[PDB]
Every structure is written in C-alpha cells, then in structure tokens.
file my_file-v8.cif (mmCIF, C-alpha atoms and all ligand atoms)
data_query
#
loop_
_atom_site.label_atom_id
_atom_site.label_comp_id
_atom_site.auth_asym_id
_atom_site.auth_seq_id
_atom_site.Cartn_x
_atom_site.Cartn_y
_atom_site.Cartn_z
CA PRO I 9 79.40 182.44 -23.60
CA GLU I 10 76.76 184.15 -21.39
CA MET I 11 73.24 184.42 -22.93
CA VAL I 12 70.63 187.15 -22.08
CA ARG I 13 66.83 186.91 -22.85
CA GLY I 14 67.46 185.26 -26.23
CA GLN I 15 70.96 185.61 -27.74
CA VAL I 16 74.79 185.86 -27.14
CA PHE I 17 76.12 188.59 -24.78
CA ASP I 18 79.69 187.32 -24.26
CA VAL I 19 81.50 189.94 -22.23
CA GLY I 20 84.10 187.37 -21.07
CA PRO I 21 84.97 186.42 -17.47
CA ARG I 22 85.53 190.07 -16.36
CA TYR I 23 81.84 191.03 -16.57
CA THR I 24 79.30 188.73 -14.87
CA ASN I 25 75.75 188.71 -13.28
CA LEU I 26 73.93 190.19 -16.33
CA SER I 27 70.50 191.95 -16.26
CA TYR I 28 68.55 193.22 -19.32
CA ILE I 29 68.16 197.08 -19.30
CA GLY I 30 66.70 197.77 -22.78
CA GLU I 31 67.66 198.16 -26.44
CA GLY I 32 70.02 200.46 -28.36
CA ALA I 33 70.31 201.23 -32.09
CA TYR I 34 72.61 198.25 -33.02
CA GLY I 35 71.77 195.87 -30.15
CA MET I 36 70.97 194.93 -26.51
CA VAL I 37 71.91 196.93 -23.36
CA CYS I 38 72.68 195.15 -20.07
CA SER I 39 73.97 195.97 -16.58
CA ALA I 40 76.86 193.81 -15.35
CA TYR I 41 79.24 193.25 -12.48
CA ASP I 42 82.82 194.35 -13.26
CA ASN I 43 84.98 191.90 -11.27
CA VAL I 44 88.15 194.10 -11.65
CA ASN I 45 86.77 197.50 -10.47
CA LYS I 46 84.10 195.71 -8.27
CA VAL I 47 81.15 197.92 -9.46
CA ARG I 48 78.08 197.33 -11.64
CA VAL I 49 78.54 198.75 -15.21
CA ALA I 50 76.45 199.32 -18.37
CA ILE I 51 77.30 197.26 -21.49
CA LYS I 52 75.97 198.03 -24.98
CA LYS I 53 76.18 195.18 -27.61
CA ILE I 54 76.76 196.72 -31.07
CA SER I 55 76.30 194.69 -34.30
CA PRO I 56 76.86 197.13 -37.24
CA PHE I 57 79.21 195.33 -39.74
CA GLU I 58 76.39 194.56 -42.31
CA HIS I 59 75.35 198.22 -42.98
CA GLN I 60 77.96 200.93 -43.78
CA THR I 61 75.79 203.74 -42.19
CA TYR I 62 75.63 201.74 -38.89
CA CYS I 63 79.46 201.36 -39.28
CA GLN I 64 79.88 205.14 -39.83
CA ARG I 65 77.74 206.02 -36.74
CA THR I 66 79.58 203.39 -34.52
CA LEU I 67 83.07 204.53 -35.65
CA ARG I 68 82.24 208.29 -35.38
CA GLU I 69 80.86 207.75 -31.83
CA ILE I 70 83.78 205.48 -30.69
CA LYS I 71 86.36 208.06 -32.05
CA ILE I 72 84.64 211.03 -30.32
CA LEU I 73 83.98 209.30 -26.92
CA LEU I 74 87.59 207.99 -26.83
CA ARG I 75 89.06 211.48 -27.40
CA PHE I 76 86.61 213.24 -25.05
CA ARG I 77 87.23 213.36 -21.30
CA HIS I 78 84.60 215.33 -19.38
CA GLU I 79 82.49 214.79 -16.21
CA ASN I 80 79.24 215.56 -18.12
CA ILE I 81 80.02 213.31 -21.15
CA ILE I 82 79.74 209.51 -20.95
CA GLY I 83 83.18 207.92 -21.29
CA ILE I 84 84.09 204.50 -22.69
CA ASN I 85 85.60 202.35 -19.88
CA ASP I 86 86.32 199.28 -21.97
CA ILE I 87 85.60 197.76 -25.39
CA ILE I 88 85.07 193.97 -25.67
CA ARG I 89 85.56 192.31 -29.06
CA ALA I 90 87.16 189.21 -30.70
CA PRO I 91 91.04 189.23 -31.09
CA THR I 92 90.82 189.22 -34.93
CA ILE I 93 88.82 191.07 -37.62
CA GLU I 94 87.63 187.65 -39.02
CA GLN I 95 86.15 186.55 -35.66
CA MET I 96 84.72 190.01 -34.76
CA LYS I 97 80.93 189.96 -35.38
CA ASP I 98 79.95 192.33 -32.51
CA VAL I 99 81.50 195.04 -30.28
CA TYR I 100 80.65 195.52 -26.55
CA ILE I 101 81.00 199.06 -25.15
CA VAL I 102 81.46 199.23 -21.33
CA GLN I 103 80.38 202.51 -19.70
CA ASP I 104 79.54 203.88 -16.20
CA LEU I 105 76.19 202.53 -15.02
CA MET I 106 73.68 205.33 -14.61
CA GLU I 107 70.36 205.16 -12.66
CA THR I 108 68.10 206.56 -15.45
CA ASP I 109 67.84 209.05 -18.34
CA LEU I 110 66.01 212.40 -18.36
CA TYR I 111 63.30 210.87 -20.74
CA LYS I 112 62.26 208.19 -18.16
CA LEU I 113 62.55 210.70 -15.26
CA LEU I 114 60.25 213.29 -16.95
CA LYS I 115 57.48 210.69 -17.64
CA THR I 116 56.72 210.37 -13.90
CA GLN I 117 58.75 212.93 -11.84
CA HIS I 118 58.09 216.66 -11.32
CA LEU I 119 61.42 218.52 -11.26
CA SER I 120 62.06 221.12 -8.50
CA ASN I 121 63.42 224.48 -9.79
CA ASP I 122 66.75 223.43 -8.12
CA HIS I 123 66.88 220.17 -10.20
CA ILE I 124 66.04 222.03 -13.47
CA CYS I 125 68.77 224.56 -12.72
CA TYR I 126 71.44 221.86 -11.92
CA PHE I 127 70.47 219.67 -14.88
CA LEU I 128 70.60 222.62 -17.31
CA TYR I 129 73.99 223.75 -15.89
CA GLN I 130 75.44 220.20 -16.44
CA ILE I 131 73.99 219.97 -20.01
CA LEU I 132 75.57 223.33 -20.97
CA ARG I 133 78.88 222.49 -19.17
CA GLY I 134 79.15 219.24 -21.18
CA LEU I 135 78.02 221.10 -24.34
CA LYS I 136 80.73 223.80 -23.80
CA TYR I 137 83.42 221.05 -23.98
CA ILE I 138 81.80 219.42 -27.09
CA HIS I 139 81.59 222.76 -28.94
CA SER I 140 85.16 223.70 -27.88
CA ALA I 141 86.28 220.52 -29.77
CA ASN I 142 84.48 221.96 -32.87
CA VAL I 143 81.94 219.12 -32.54
CA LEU I 144 78.14 219.30 -32.81
CA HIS I 145 76.13 216.62 -30.97
CA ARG I 146 73.09 217.18 -33.28
CA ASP I 147 70.72 214.79 -31.37
CA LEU I 148 70.35 216.30 -27.87
CA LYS I 149 67.13 215.12 -26.27
CA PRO I 150 66.08 213.80 -22.81
CA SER I 151 66.82 210.10 -23.64
CA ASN I 152 70.47 211.15 -24.52
CA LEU I 153 71.00 212.62 -21.02
CA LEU I 154 71.94 209.99 -18.45
CA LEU I 155 71.52 210.53 -14.72
CA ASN I 156 72.88 208.61 -11.73
CA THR I 157 71.38 208.40 -8.13
CA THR I 158 72.96 211.76 -7.09
CA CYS I 159 71.74 213.69 -10.16
CA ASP I 160 75.15 213.76 -11.97
CA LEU I 161 74.30 214.16 -15.66
CA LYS I 162 76.18 212.78 -18.69
CA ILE I 163 75.51 213.42 -22.37
CA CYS I 164 75.56 210.24 -24.49
CA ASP I 165 74.88 209.02 -28.12
CA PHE I 166 77.27 210.80 -30.53
CA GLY I 167 76.09 208.68 -33.48
CA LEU I 168 74.83 211.73 -35.42
CA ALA I 169 77.66 214.08 -34.31
CA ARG I 170 79.62 216.14 -36.86
CA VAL I 171 82.58 218.48 -37.02
CA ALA I 172 81.08 222.05 -37.20
CA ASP I 173 81.08 223.42 -40.77
CA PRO I 174 79.36 226.88 -40.66
CA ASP I 175 80.50 227.98 -44.19
CA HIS I 176 78.73 224.91 -45.75
CA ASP I 177 75.48 225.02 -43.68
CA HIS I 178 73.11 226.30 -46.41
CA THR I 179 70.60 224.06 -48.19
CA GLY I 180 67.20 224.26 -49.89
CA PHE I 181 63.74 224.35 -48.35
CA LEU I 182 62.38 220.99 -46.96
CA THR I 183 65.83 219.23 -46.96
CA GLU I 184 65.51 215.79 -45.33
CA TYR I 185 67.10 215.53 -41.85
CA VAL I 186 68.08 212.59 -39.58
CA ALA I 187 67.96 213.95 -35.91
CA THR I 188 64.86 213.56 -33.62
CA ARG I 189 62.07 215.75 -34.99
CA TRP I 190 60.84 217.46 -31.76
CA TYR I 191 64.26 218.97 -30.93
CA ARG I 192 65.01 220.28 -34.48
CA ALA I 193 65.79 224.01 -34.85
CA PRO I 194 63.38 225.91 -37.19
CA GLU I 195 66.22 226.60 -39.75
CA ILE I 196 66.54 222.78 -40.37
CA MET I 197 63.16 222.86 -42.19
CA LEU I 198 64.09 226.07 -44.03
CA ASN I 199 67.73 226.41 -45.15
CA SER I 200 70.15 224.65 -42.74
CA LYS I 201 72.04 221.30 -42.81
CA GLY I 202 72.60 221.56 -38.99
CA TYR I 203 76.37 222.23 -39.36
CA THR I 204 76.43 225.18 -36.88
CA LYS I 205 76.67 225.15 -33.01
CA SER I 206 73.36 227.07 -32.78
CA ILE I 207 71.53 223.80 -33.71
CA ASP I 208 72.51 222.23 -30.32
CA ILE I 209 71.49 225.31 -28.34
CA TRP I 210 67.98 225.04 -29.87
CA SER I 211 67.76 221.42 -28.69
CA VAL I 212 68.88 222.43 -25.11
CA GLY I 213 66.15 225.17 -25.16
CA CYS I 214 63.57 222.44 -26.05
CA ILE I 215 64.92 220.22 -23.16
CA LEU I 216 64.69 223.17 -20.73
CA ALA I 217 61.03 223.78 -21.80
CA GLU I 218 60.35 220.03 -21.35
CA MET I 219 61.93 220.01 -17.80
CA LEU I 220 59.60 222.95 -16.89
CA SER I 221 56.30 221.20 -17.80
CA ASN I 222 57.11 217.39 -18.23
CA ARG I 223 55.92 217.60 -21.88
CA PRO I 224 57.77 218.24 -25.18
CA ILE I 225 57.21 221.92 -26.09
CA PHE I 226 57.12 221.33 -29.92
CA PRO I 227 55.69 217.79 -30.53
CA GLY I 228 55.50 217.91 -34.36
CA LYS I 229 53.84 214.81 -35.84
CA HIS I 230 55.71 215.11 -39.19
CA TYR I 231 58.44 217.13 -40.97
CA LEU I 232 56.58 220.49 -41.64
CA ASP I 233 54.25 220.17 -38.56
CA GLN I 234 57.45 220.68 -36.51
CA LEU I 235 57.86 224.23 -37.90
CA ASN I 236 54.14 224.97 -37.39
CA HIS I 237 54.55 224.01 -33.70
CA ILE I 238 57.58 226.32 -33.33
CA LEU I 239 55.79 229.31 -34.94
CA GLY I 240 52.63 228.69 -32.90
CA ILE I 241 54.65 229.75 -29.82
CA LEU I 242 57.36 232.13 -31.12
CA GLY I 243 54.88 233.81 -33.43
CA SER I 244 55.68 235.09 -36.94
CA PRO I 245 59.36 235.88 -37.70
CA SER I 246 60.20 239.58 -37.90
CA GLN I 247 61.06 241.26 -41.24
CA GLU I 248 64.76 241.32 -40.10
CA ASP I 249 64.73 237.57 -39.32
CA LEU I 250 63.04 236.86 -42.73
CA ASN I 251 65.63 239.03 -44.60
CA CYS I 252 68.38 236.74 -43.16
CA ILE I 253 66.70 233.84 -45.11
CA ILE I 254 67.97 234.31 -48.70
CA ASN I 255 66.45 230.98 -49.98
CA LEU I 256 63.32 232.18 -51.87
CA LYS I 257 61.25 228.98 -51.38
CA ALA I 258 61.92 229.01 -47.59
CA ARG I 259 61.22 232.77 -47.23
CA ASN I 260 58.00 232.60 -49.37
CA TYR I 261 56.72 229.71 -47.33
CA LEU I 262 56.99 231.83 -44.16
CA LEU I 263 55.46 234.84 -45.98
CA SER I 264 52.47 232.64 -47.10
CA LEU I 265 51.47 232.03 -43.44
CA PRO I 266 48.84 234.06 -41.57
CA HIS I 267 50.23 236.26 -38.80
CA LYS I 268 50.83 234.42 -35.52
CA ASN I 269 51.36 236.19 -32.21
CA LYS I 270 54.10 235.27 -29.74
CA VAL I 271 52.79 233.14 -26.79
CA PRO I 272 54.40 234.64 -23.61
CA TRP I 273 56.65 232.17 -21.82
CA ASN I 274 55.14 233.08 -18.39
CA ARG I 275 51.65 232.04 -19.68
CA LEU I 276 52.99 228.67 -21.08
CA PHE I 277 55.06 228.07 -17.88
CA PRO I 278 53.28 230.03 -15.07
CA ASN I 279 55.24 228.48 -12.14
CA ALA I 280 58.70 228.73 -13.80
CA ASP I 281 61.44 230.96 -12.39
CA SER I 282 61.56 234.29 -14.33
CA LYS I 283 65.35 233.93 -14.91
CA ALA I 284 64.78 230.38 -16.36
CA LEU I 285 62.24 231.85 -18.89
CA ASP I 286 64.58 234.70 -19.85
CA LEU I 287 67.31 232.11 -20.68
CA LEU I 288 64.72 229.85 -22.40
CA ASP I 289 63.74 232.80 -24.66
CA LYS I 290 67.41 233.36 -25.68
CA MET I 291 67.91 229.65 -26.45
CA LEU I 292 64.62 229.37 -28.37
CA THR I 293 65.43 232.39 -30.60
CA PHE I 294 64.16 231.92 -34.18
CA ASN I 295 67.24 233.57 -35.85
CA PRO I 296 70.25 231.20 -35.35
CA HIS I 297 72.71 234.13 -35.49
CA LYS I 298 70.94 235.93 -32.55
CA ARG I 299 70.49 232.67 -30.55
CA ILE I 300 72.66 232.60 -27.37
CA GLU I 301 75.96 230.61 -27.47
CA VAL I 302 76.89 227.91 -24.86
CA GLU I 303 79.33 230.17 -22.89
CA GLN I 304 76.79 233.06 -22.78
CA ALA I 305 74.10 230.65 -21.50
CA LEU I 306 76.45 229.39 -18.73
CA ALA I 307 77.04 233.09 -17.72
CA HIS I 308 73.22 233.76 -17.61
CA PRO I 309 71.85 234.91 -14.12
CA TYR I 310 69.68 231.74 -14.01
CA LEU I 311 72.88 229.65 -13.59
CA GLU I 312 74.64 232.06 -11.13
CA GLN I 313 74.79 229.44 -8.29
CA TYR I 314 76.94 227.18 -10.51
CA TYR I 315 78.79 229.39 -13.07
CA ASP I 316 82.60 229.05 -12.72
CA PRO I 317 84.42 229.31 -16.14
CA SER I 318 87.64 227.94 -14.58
CA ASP I 319 85.67 224.78 -13.61
CA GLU I 320 84.07 224.44 -17.10
CA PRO I 321 86.91 222.89 -19.10
CA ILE I 322 87.39 222.87 -22.85
CA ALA I 323 88.93 220.24 -25.14
CA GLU I 324 92.73 220.16 -25.47
CA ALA I 325 92.39 220.22 -29.31
CA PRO I 326 89.64 220.57 -32.01
CA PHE I 327 88.38 217.29 -33.58
CA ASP I 334 80.60 209.28 -45.90
CA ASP I 335 82.14 207.48 -48.94
CA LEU I 336 84.09 204.78 -47.01
CA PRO I 337 83.11 201.07 -47.62
CA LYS I 338 81.84 198.87 -44.71
CA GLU I 339 85.02 196.63 -44.98
CA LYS I 340 87.32 199.66 -44.47
CA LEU I 341 85.00 200.85 -41.62
CA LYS I 342 85.06 197.41 -39.84
CA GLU I 343 88.88 197.58 -40.09
CA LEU I 344 88.83 201.12 -38.67
CA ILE I 345 86.48 200.01 -35.80
CA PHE I 346 88.89 197.06 -35.15
CA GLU I 347 91.91 199.44 -35.00
CA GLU I 348 90.04 202.12 -32.89
CA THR I 349 89.16 199.48 -30.22
CA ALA I 350 92.70 197.86 -30.15
CA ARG I 351 93.86 199.78 -26.99
CA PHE I 352 91.40 197.74 -24.82
CA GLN I 353 92.80 194.32 -25.83
CA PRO I 354 94.56 192.53 -22.88
CA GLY I 355 97.88 192.40 -24.86
CA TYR I 356 98.90 195.81 -23.39
CL1 LIG I 401 67.31 202.75 -16.70
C1 LIG I 401 68.93 203.00 -17.29
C2 LIG I 401 69.14 203.86 -18.35
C3 LIG I 401 70.43 204.03 -18.84
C4 LIG I 401 71.50 203.34 -18.27
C5 LIG I 401 72.88 203.53 -18.78
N1 LIG I 401 73.91 203.73 -17.96
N2 LIG I 401 75.01 203.95 -18.73
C6 LIG I 401 74.68 203.87 -20.08
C7 LIG I 401 73.32 203.59 -20.13
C8 LIG I 401 72.62 203.41 -21.45
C9 LIG I 401 73.60 203.23 -22.60
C10 LIG I 401 74.75 204.22 -22.54
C11 LIG I 401 75.57 204.06 -21.26
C12 LIG I 401 71.26 202.48 -17.20
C13 LIG I 401 69.98 202.31 -16.70
#
call {"tool": "encode", "arguments": {"input": "my_file-v8.cif", "output": "structure tokens"}}
result
Amino acid sequence: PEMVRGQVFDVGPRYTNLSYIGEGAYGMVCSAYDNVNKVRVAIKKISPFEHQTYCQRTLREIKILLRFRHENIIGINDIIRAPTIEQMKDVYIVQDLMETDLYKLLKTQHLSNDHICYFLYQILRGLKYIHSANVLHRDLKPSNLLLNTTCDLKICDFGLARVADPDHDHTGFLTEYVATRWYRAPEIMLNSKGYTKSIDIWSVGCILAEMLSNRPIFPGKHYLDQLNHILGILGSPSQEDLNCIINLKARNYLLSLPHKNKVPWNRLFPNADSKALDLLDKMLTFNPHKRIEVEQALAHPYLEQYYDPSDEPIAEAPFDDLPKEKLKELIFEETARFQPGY
C-alpha cells in the first residue's frame, strides 16, 4: 500500500505517483496519476466511521455530489474503498484536479474586473442548479470554490448542505450555527436556522465583496461581532426590516444599538464597476425576503456578457438521529457503484 508523508494512502494500482496537496476535514488530500484516463487527479482520504456527525457529513456530501451533474459543481469520478464493510476503515474520493481555490488566489492575486465577472457568473450558475434541486450549500466561501488553469470554477464541500425548509426556518436570538462565521447572513444571529435559499445568496455577496478588494468584507472575530461588522456597513435596519423580525429578543437587540449610517459601496470599493456594486447591494440586502434570488442575479446587467438561461441548467428532480453503524452501512452502499464488480 502506498504511503504519503506519514500514513496509508492506498488508492490501489489505478492511481500512482502521489504528491501531498493539503488536509481536509476527515483526512489527507493528494494529487495522483490516473493510469486509466491518463490525467492527474485529486484524491481525498476520508476517515469518519468513529464519529456519527463526520458520518452524516460524509454521507450527505457523497449522496448530493453523486446525484448532481453540473459544470460548476465538483463531481465524484471514483470512490476507492475495501470490498467489505468489515475491512472498510477509510474512503477515497477521486475528483477532477484543480489548479487552486479562490481563497489561495485572493491571498496574492488582484482580480481584473473580467475575472470577477466570470467567477461570479460561474458561482451563480452552479448555485442556480443547487437551488433548483431544493438544496442549500450553506458554507459558500472562497476555499469552497475550486479553479483550474483556465479559470473554470467548481463549487465543492457539501458537508453542511441541507434540503431547503423555509416553513421551519425560525429560531431564537443567538442560536448556535455551524457554517463559517464571516459568510453568515445577519438573520443567522437573529432568528434564522439557515433553511432558506437567501442564506447562500448572502454568502455569494460576501465572496463578491472579497473578490473586489482581496479582503473579507465582514471579518467578525466571534459570534455577535459578525453582526456588528454587517451593520457597520449596511447601517441600521429600517423600521420595515425590523417589523419583519417578530422575535422580541432579536428585535430589541437591534433597537438597543446606536444609529449607524450606511457606508456607500463606491467609497468601500472605489475602483469597482458600478454594475458590480449595484448587484452586490442586492445580494447584501439585510432583509432576506428582499434579497435577490439566484436567477435574478444571473439576469443582472453586471452579468450581461454571460447570461443565457438556456445554458444555465437545473436539476432533473428535487433532492440526524441515525447511528454511526447504520451510517457506515449507508456509506458502504452509496459507494458500491464504483466497485470493479460492474
Ligand atoms: Cl492547490 C489545490 C487546491 C485544490 C485542489 C483540488 N482539486 N480538486 C479537488 C481539490 C481539493 C479537494 C476537492 C477536490 C488541487 C490543488
């Protein structure tokens, strides 16, 4: 079995000439030569069978990526695992090798307006397909956007994804949340479980702002600081936007704050294209109900060079009290189609 900078990475005879890329949530990431297709691929080693939450996230992601088929969504090319449940300790997910991610790119590269425009179009095109499947990504951020050498973009990491549930989205003030703090919509900290499509649009708005200046727009250092960062730019919510918040604790918190004025987008981003800032404003709308939807954003004048609804496909059909033993068995059965026996 092949070994990489420490431990076992046995991807069989098919995948050879391994190189360490980095580290994922449940294990090591490597590049490898696929001897069948004759191209270098990405391979993620996943070891989740000890913790049922890690099992839930692995299963949920495998299920979604196997049903999804879209140019702007990372596919699963192959899954490597032992022939029996007893011998299966790890799972290897084989995917297209990409050059970088938008996180790494933004740390050192200034994006031209043309690159921002194309990247945003591909994010929203992939997001249109996800939302058409009644799925919410819920963790969109630059490190979950993969890019190859020709700037083709693919959304990855569906570990926190859920089926949209708008009628059961309400919760109390300060409800604990899992997704990356800086890309969290303001309603998460007030009265939302993040079960509505509008939560993803907020994250895309944050990514767009980050592509414009190479810095996260709302870098909250803790749970409530996140909301303070958002309000420091959007300013105080209007009476109408406050009246939409029925939760008394959440509404009174906002009422307790001194008045804050809106920071104009053109002063925050003085070299940005005016149409980019108009779309940014609509994505970073405080009120989730007034926030632009994915199809409206694709139809915005900023994306006119790319918009083609007939070339922006949708999913063919819409898409945690289960023990780790049942989940391992479900992971085993979900990955069966890649076993050589067929
Ligand atoms: Cl530097 C870099 C970053 C990401 C990838 C990559 N390419 N393809 C994938 C990944 C990461 C894990 C998901 C699938 C390759 C090189």
call {"tool": "residues_near_ligand", "arguments": {"input": "my_file-v8.cif", "ligand": "ligand LIG 401 (chain I)", "cutoff": "10 Å", "atoms": "all atoms listed in the file", "output": "ChimeraX atom specification"}}
result
/I:28-32,36-39,48-53,82-84,101-113,151-156,162-165
call {"tool": "atom_distance", "arguments": {"input": "my_file-v8.cif", "atom1": "atom CA of residue I:356", "atom2": "atom CA of residue I:75"}}
result
18.9 Å
call {"tool": "closest_residue", "arguments": {"input": "my_file-v8.cif", "among": "I:141, I:67, I:12, I:219", "to": "residue I:340", "atoms": "all atoms listed in the file"}}
result
I:67
call {"tool": "atom_distance", "arguments": {"input": "my_file-v8.cif", "atom1": "atom CA of residue I:308", "atom2": "atom CA of residue I:126"}}
result
13.3 Å
call {"tool": "closest_residue", "arguments": {"input": "my_file-v8.cif", "among": "I:56, I:180, I:213, I:228", "to": "residue I:131", "atoms": "only C-alpha atoms"}}
result
I:213
call {"tool": "atom_distance", "arguments": {"input": "my_file-v8.cif", "atom1": "atom CA of residue I:140", "atom2": "atom CA of residue I:313"}}
result
22.9 Å
call {"tool": "residues_around", "arguments": {"input": "my_file-v8.cif", "residues": "residue I:94", "least_positions_apart": "4", "cutoff": "12 Å", "atoms": "all atoms listed in the file", "output": "VMD selection string"}}
result
chain I and resid 57 89 to 90 98 339 342 to 343 346
call {"tool": "closest_residue", "arguments": {"input": "my_file-v8.cif", "among": "I:232, I:215, I:345, I:285", "to": "residue I:96", "atoms": "all atoms listed in the file"}}
result
I:345
call {"tool": "build_atoms", "arguments": {"input": "my_file-v8.cif", "residues": "stretch 169-182 of chain I", "atoms": "N, CA, C and O atoms", "output": "PDB file, in the frame of the given file"}}
result
ATOM      1  N   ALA I 169      76.748 212.951 -34.520  1.00  0.00           N
ATOM      2  CA  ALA I 169      77.660 214.080 -34.310  1.00  0.00           C
ATOM      3  C   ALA I 169      78.472 214.420 -35.561  1.00  0.00           C
ATOM      4  O   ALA I 169      78.751 213.549 -36.388  1.00  0.00           O
ATOM      5  N   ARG I 170      78.802 215.708 -35.729  1.00  0.00           N
ATOM      6  CA  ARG I 170      79.620 216.140 -36.860  1.00  0.00           C
ATOM      7  C   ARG I 170      80.616 217.183 -36.418  1.00  0.00           C
ATOM      8  O   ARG I 170      80.432 217.811 -35.373  1.00  0.00           O
ATOM      9  N   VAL I 171      81.663 217.380 -37.219  1.00  0.00           N
ATOM     10  CA  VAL I 171      82.580 218.480 -37.020  1.00  0.00           C
ATOM     11  C   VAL I 171      81.813 219.710 -37.550  1.00  0.00           C
ATOM     12  O   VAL I 171      81.200 219.610 -38.624  1.00  0.00           O
ATOM     13  N   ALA I 172      81.767 220.817 -36.778  1.00  0.00           N
ATOM     14  CA  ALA I 172      81.080 222.050 -37.200  1.00  0.00           C
ATOM     15  C   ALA I 172      81.615 222.518 -38.556  1.00  0.00           C
ATOM     16  O   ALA I 172      82.820 222.461 -38.804  1.00  0.00           O
ATOM     17  N   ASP I 173      80.708 222.929 -39.458  1.00  0.00           N
ATOM     18  CA  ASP I 173      81.080 223.420 -40.770  1.00  0.00           C
ATOM     19  C   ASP I 173      80.143 224.598 -41.134  1.00  0.00           C
ATOM     20  O   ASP I 173      79.300 224.481 -42.031  1.00  0.00           O
ATOM     21  N   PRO I 174      80.297 225.756 -40.439  1.00  0.00           N
ATOM     22  CA  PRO I 174      79.360 226.880 -40.660  1.00  0.00           C
ATOM     23  C   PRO I 174      79.326 227.449 -42.085  1.00  0.00           C
ATOM     24  O   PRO I 174      78.247 227.863 -42.512  1.00  0.00           O
ATOM     25  N   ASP I 175      80.455 227.438 -42.821  1.00  0.00           N
ATOM     26  CA  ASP I 175      80.500 227.980 -44.190  1.00  0.00           C
ATOM     27  C   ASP I 175      79.764 227.092 -45.205  1.00  0.00           C
ATOM     28  O   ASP I 175      79.443 227.578 -46.284  1.00  0.00           O
ATOM     29  N   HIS I 176      79.460 225.824 -44.859  1.00  0.00           N
ATOM     30  CA  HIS I 176      78.730 224.910 -45.750  1.00  0.00           C
ATOM     31  C   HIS I 176      77.393 224.440 -45.130  1.00  0.00           C
ATOM     32  O   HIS I 176      76.950 223.316 -45.370  1.00  0.00           O
ATOM     33  N   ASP I 177      76.733 225.329 -44.378  1.00  0.00           N
ATOM     34  CA  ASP I 177      75.480 225.020 -43.680  1.00  0.00           C
ATOM     35  C   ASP I 177      74.212 225.222 -44.529  1.00  0.00           C
ATOM     36  O   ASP I 177      73.149 224.713 -44.166  1.00  0.00           O
ATOM     37  N   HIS I 178      74.300 225.970 -45.621  1.00  0.00           N
ATOM     38  CA  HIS I 178      73.110 226.300 -46.410  1.00  0.00           C
ATOM     39  C   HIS I 178      72.611 225.174 -47.278  1.00  0.00           C
ATOM     40  O   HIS I 178      73.391 224.458 -47.888  1.00  0.00           O
ATOM     41  N   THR I 179      71.280 225.038 -47.338  1.00  0.00           N
ATOM     42  CA  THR I 179      70.600 224.060 -48.190  1.00  0.00           C
ATOM     43  C   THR I 179      69.236 224.632 -48.601  1.00  0.00           C
ATOM     44  O   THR I 179      68.845 225.708 -48.146  1.00  0.00           O
ATOM     45  N   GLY I 180      68.535 223.896 -49.448  1.00  0.00           N
ATOM     46  CA  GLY I 180      67.200 224.260 -49.890  1.00  0.00           C
ATOM     47  C   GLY I 180      66.135 223.990 -48.853  1.00  0.00           C
ATOM     48  O   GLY I 180      66.390 223.408 -47.792  1.00  0.00           O
ATOM     49  N   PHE I 181      64.945 224.479 -49.142  1.00  0.00           N
ATOM     50  CA  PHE I 181      63.740 224.350 -48.350  1.00  0.00           C
ATOM     51  C   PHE I 181      63.286 222.873 -48.324  1.00  0.00           C
ATOM     52  O   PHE I 181      63.334 222.212 -49.355  1.00  0.00           O
ATOM     53  N   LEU I 182      62.874 222.369 -47.152  1.00  0.00           N
ATOM     54  CA  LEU I 182      62.380 220.990 -46.960  1.00  0.00           C
ATOM     55  C   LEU I 182      63.474 219.920 -47.204  1.00  0.00           C
ATOM     56  O   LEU I 182      63.169 218.851 -47.740  1.00  0.00           O
TER      57      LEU I 182
END
